[PDB]
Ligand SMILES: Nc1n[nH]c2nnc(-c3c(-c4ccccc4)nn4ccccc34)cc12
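Here we start with a single chain on its own, the form solved without this ligand, put down as structure tokens.
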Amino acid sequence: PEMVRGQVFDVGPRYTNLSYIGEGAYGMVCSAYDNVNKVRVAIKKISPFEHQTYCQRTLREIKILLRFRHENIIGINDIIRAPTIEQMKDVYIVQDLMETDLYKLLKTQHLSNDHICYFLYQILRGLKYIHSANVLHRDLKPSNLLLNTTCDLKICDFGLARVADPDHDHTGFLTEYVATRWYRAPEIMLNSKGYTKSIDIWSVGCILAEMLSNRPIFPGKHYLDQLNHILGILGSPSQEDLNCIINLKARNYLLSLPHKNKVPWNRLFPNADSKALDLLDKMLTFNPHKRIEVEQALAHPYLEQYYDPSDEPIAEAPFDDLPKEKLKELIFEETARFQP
């Protein structure tokens, strides 16, 4: 088997000429040459089978990405694994090689308004499909938005995704959460399990803000610091908005805080397109019920040059406690179609 940084990376014979890219989650990412399609591709080695949790996230990713087919969502081209459950210790997932991602882009490159607009359009176009399938991504952030050399944008990393479940969204105050802190909606820290579509729209709002200044808008250093970042910009929540939070610990926390007034978007972002700031405002709404939905966002004046609902497709086919062993069989079965 081919080696990379001394670790077996065994993707032959179709895939040759490997280069290291990084770690991923439970393994290593490399580029390689696809001898059938004559293009370089990205391959991730995943070794999840020892842990319930890794198996859950790996199955989720595979099931979702194989069901989805959309220009703004990364596809699985191929999956390499052993012919038998017994011999299968790793799985390799093959995707189109994407030169960069929005995280790497934002740390080095000023974005034109035109790029910001095109990027936001493509993000919402893919999210419309995701949401149409009753799925929540739940970990949207710059590093999960991949881009190629012509700025085609594709959403990746569905490991934390869930089926939407708004009737079971409510929880207590300071309930632990898995998704990346700077892109977490305020309600996660107050009374929400992250089981409604509005969680994703908050994250997209945060990404829009970041695209306008090259810095995260709410860089919290820990669980509750994240809420305090948000309220420093949006200002204190309205009585009406507090009235939607029945949980007393959560409501009383917000009541304990000194009054804070709104920071106007046009002061945070003096060179931003005004339509962009109008849409930002509607995405970064404190109250999840009042927050703009994906289709409304696509229809906003900011995106009018791209908006075409007939060319923004929806999914044909909308969508734990299992042990390691059964999850491994599920992953084996789910990957069978790529075997010769």
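Only residues modelled in both forms are compared. A residue's number is simply how far along the shown sequence it sits, counting from 1. Note that the rigid core is defined as the largest set of C-alphas that superpose within 1.5 Å between two forms.
Note that the form solved in complex with this ligand isn't included here; everything after this is about it.
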So, residue 156 and this ligand: in the deposited bound form, are they within 4.5 Å at any heavy atom pair? yes
Mark residue 144 yes when one of its heavy atoms lies within 4.5 Å of a heavy atom of this ligand in the deposited bound form, and no otherwise. yes
Residue 192 near this ligand in the deposited bound form, any heavy atom under 4.5 Å? no
Given that this ligand is not shown alongside this chain, does residue 34 nevertheless sit within 4.5 Å of it in the deposited bound form, heavy atom to heavy atom? no
Quick one: from 254, 133, 230, 97, grab the residue that has a heavy atom within 4.5 Å of this ligand in the deposited bound form. 97
Answer with one of 188, 201, 93, 120: the residue that has a non-hydrogen atom within 4.5 Å of this ligand in the deposited bound form. 93
Going by heavy atoms within 4.5 Å, which of 217 to 225, 125 to 133, 97 to 105, 167 to 175 lines up against this ligand in the deposited bound form? 97 to 105
Members of 20 to 47 lying within 4.5 angstroms of this ligand, judged by heavy atom, in the deposited bound form: 29, 42, 43, 44
Which segments, of 3 or more consecutive residues, undergo C-alpha shifts of no less than 2 angstroms between the shown form and the other one following superposition on the core? 24 to 26, 240 to 244
